[PDB]
Every structure is written in structure tokens, then in C-alpha cells.
file work-v1.pdb (PDB, C-alpha atoms)
ATOM      1  CA  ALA A   1      99.161  87.060 109.027  1.00  0.00           C
ATOM      2  CA  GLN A   2      98.352  86.414 105.367  1.00  0.00           C
ATOM      3  CA  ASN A   3      96.858  88.847 102.866  1.00  0.00           C
ATOM      4  CA  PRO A   4      94.086  87.091 100.807  1.00  0.00           C
ATOM      5  CA  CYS A   5      93.428  90.334  98.987  1.00  0.00           C
ATOM      6  CA  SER A   6      96.548  89.650  96.929  1.00  0.00           C
ATOM      7  CA  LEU A   7      94.909  86.396  95.823  1.00  0.00           C
ATOM      8  CA  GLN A   8      91.798  88.222  94.715  1.00  0.00           C
ATOM      9  CA  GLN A   9      93.751  91.226  93.483  1.00  0.00           C
ATOM     10  CA  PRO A  10      97.485  90.778  92.698  1.00  0.00           C
ATOM     11  CA  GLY A  11      99.891  93.399  94.013  1.00  0.00           C
ATOM     12  CA  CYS A  12      97.467  94.343  96.787  1.00  0.00           C
ATOM     13  CA  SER A  13      99.441  95.356  99.814  1.00  0.00           C
ATOM     14  CA  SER A  14      98.653  93.266 102.886  1.00  0.00           C
ATOM     15  CA  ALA A  15      98.605  96.565 104.755  1.00  0.00           C
ATOM     16  CA  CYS A  16      95.580  97.449 102.658  1.00  0.00           C
ATOM     17  CA  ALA A  17      93.659  94.712 104.453  1.00  0.00           C
ATOM     18  CA  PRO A  18      91.119  94.093 105.666  1.00  0.00           C
ATOM     19  CA  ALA A  19      89.743  96.791 103.325  1.00  0.00           C
ATOM     20  CA  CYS A  20      91.999  96.106 100.401  1.00  0.00           C
ATOM     21  CA  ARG A  21      90.351  98.791  98.258  1.00  0.00           C
ATOM     22  CA  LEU A  22      91.127  98.900  94.540  1.00  0.00           C
ATOM     23  CA  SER A  23      92.983 102.176  94.890  1.00  0.00           C
ATOM     24  CA  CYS A  24      94.983 100.594  97.719  1.00  0.00           C
ATOM     25  CA  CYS A  25      95.526  97.075  96.426  1.00  0.00           C
ATOM     26  CA  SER A  26      96.927  97.928  93.019  1.00  0.00           C
ATOM     27  CA  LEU A  27      97.578 101.621  93.550  1.00  0.00           C
ATOM     28  CA  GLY A  28      98.683 101.191  97.152  1.00  0.00           C
TER      29      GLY A  28
END

call {"tool": "encode", "arguments": {"input": "work-v1.pdb", "output": "C-alpha cells"}}
result
Amino acid sequence: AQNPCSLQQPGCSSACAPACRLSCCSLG
């Protein structure tokens, strides 16, 4: 279970996936 959102947006919580919204990736 990898989180590619981190690759596209550093800091992005895997738990933010599959959405990985800005507010959630960085600010989440």
C-alpha cells in the first residue's frame, strides 16, 4: 500500500489517498 500522492505532492499523508487533496496532502 504505497501513497503516490507524496511523490506528486511531498508531505501528503497516504491516508489522504486516493483523493489526496491539497488541503489534505500538505495541510493534512

call {"tool": "residues_near_point", "arguments": {"input": "work-v1.pdb", "point": "(98.2, 88.4, 105.6)", "cutoff": "10 Å", "atoms": "all atoms listed in the file", "output": "VMD selection string"}}
result
chain A and resid 1 to 6 13 to 18

call {"tool": "resolve_selection", "arguments": {"input": "work-v1.pdb", "expression": "the PyMOL selection byres ((chain A and resi 28) around 8)", "output": "PyMOL selection string"}}
result
chain A and resi 12-13+16+23-27

call {"tool": "axis_aligned_box", "arguments": {"input": "work-v1.pdb", "around": "region 12-25 of chain A", "padding_each_side": "3 Å", "output": "JSON"}}
result
{"center_x": 94.6, "center_y": 97.7, "center_z": 100.1, "size_x": 15.7, "size_y": 14.9, "size_z": 17.1}

call {"tool": "decode", "arguments": {"input": "work-v1.pdb", "residues": "chain A", "atoms": "C-alpha atoms", "output": "mmCIF file, in the first residue's frame"}}
result
data_model
loop_
_atom_site.group_PDB
_atom_site.id
_atom_site.type_symbol
_atom_site.label_atom_id
_atom_site.label_comp_id
_atom_site.auth_asym_id
_atom_site.auth_seq_id
_atom_site.Cartn_x
_atom_site.Cartn_y
_atom_site.Cartn_z
ATOM 1 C CA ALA A 1 0.000 0.000 0.000
ATOM 2 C CA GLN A 2 2.023 2.935 -1.326
ATOM 3 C CA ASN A 3 0.991 6.586 -1.449
ATOM 4 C CA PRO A 4 1.922 8.109 -4.888
ATOM 5 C CA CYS A 5 0.386 11.388 -3.815
ATOM 6 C CA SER A 6 3.516 12.019 -1.754
ATOM 7 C CA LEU A 7 5.506 11.733 -4.988
ATOM 8 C CA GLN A 8 3.326 14.309 -6.676
ATOM 9 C CA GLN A 9 2.930 16.351 -3.509
ATOM 10 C CA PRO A 10 5.514 15.887 -0.703
ATOM 11 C CA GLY A 11 4.218 15.501 2.841
ATOM 12 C CA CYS A 12 0.869 14.231 1.561
ATOM 13 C CA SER A 13 -0.480 11.725 4.008
ATOM 14 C CA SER A 14 -1.123 8.316 2.461
ATOM 15 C CA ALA A 15 -4.396 8.393 4.374
ATOM 16 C CA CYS A 16 -5.358 11.311 2.163
ATOM 17 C CA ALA A 17 -5.432 8.922 -0.787
ATOM 18 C CA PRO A 18 -6.932 8.215 -3.143
ATOM 19 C CA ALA A 19 -8.172 11.835 -3.009
ATOM 20 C CA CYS A 20 -5.001 13.397 -1.741
ATOM 21 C CA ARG A 21 -6.475 16.910 -1.825
ATOM 22 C CA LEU A 22 -4.146 19.884 -1.423
ATOM 23 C CA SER A 23 -5.633 20.761 1.942
ATOM 24 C CA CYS A 24 -5.104 17.134 2.978
ATOM 25 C CA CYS A 25 -1.749 16.348 1.404
ATOM 26 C CA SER A 26 0.218 19.279 2.760
ATOM 27 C CA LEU A 27 -2.249 20.501 5.362
ATOM 28 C CA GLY A 28 -3.364 17.011 6.342
#
